[PDB]
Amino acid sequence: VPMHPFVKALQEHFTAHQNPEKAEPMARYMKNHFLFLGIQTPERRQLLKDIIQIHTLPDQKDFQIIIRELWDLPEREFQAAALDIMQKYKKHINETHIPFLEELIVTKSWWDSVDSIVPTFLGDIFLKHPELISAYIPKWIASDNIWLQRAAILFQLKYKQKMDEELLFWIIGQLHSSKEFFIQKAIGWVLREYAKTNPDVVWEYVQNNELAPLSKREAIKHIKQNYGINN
């Protein structure tokens, strides 16, 4: 597939501002799973802005094409740009994009891309179409893929009073035995966050259900102050 001119312009502009000195620790921070150009977010967003000002944002007919082509580029900044761009097409995104979003989650996978995709884009879709949750979450949990499993945990992260508690706890129950850091941490996170909405329910859950020690400790990082730590 021939590169879209918008993507080529973006690649040229990013590459002209690369910083090899910054790229080295930036890559080590991601455990060297990715090449980096060495461009951090404030400049990366300005550089994207430059290209939009010159070329304009492509027609929505090319939205998914742009994202995939950026996803295929080796340096991590292009996936970060791709997520910035998807946000600009946000009002075109609906439930038919769930498989498209799945595929972004399982390719070039790490906590930075997956955390940017799940509580926002997928979170909004399932909030509007909760009947579709059961068409995906059971598969995600059963899959070998820890990022799909993390997606099942985190898609409700920002739901607050719209949280489905029964569902949340069922999902955690399914994954509480996982020895994977990124799963134990996501469980801790989502519980810590939901505790800001309903501390009593989270407290009761962690005191009476099995969790990895990391999950539990992270869950009660704040609300342990409200209940106390027994001798």
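Counting begins at 1, following the sequence as shown.
- Mean C-alpha B-factor is higher over 119 to 127 than over the other stretch, the pair under comparison being 149 to 157 and 119 to 127.
- Set 138 to 146 against 76 to 84 and average the Cα temperature factors; 138 to 146 ends up higher.
- Comparing the C-alpha B-factors of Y205, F182, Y29, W189 in the entry, the top value falls on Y29.
- Ranked within its chain, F36 lands in the lowest third, by CA B factor from the PDB record.
- Among the modelled residues of the chain, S177 sits in the lowest third by CA temperature factor in this PDB entry.
- In the deposited entry, the Cα temperature factor of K221 sits in the top third of values across the chain's modelled residues.
- Per the deposited record, the Cα B-factor of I171 falls in the lowest third when ranked against the other modelled residues of its chain.
- When the CA B factors of the chain's modelled residues are split into thirds, the value for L211 lands in the highest one.
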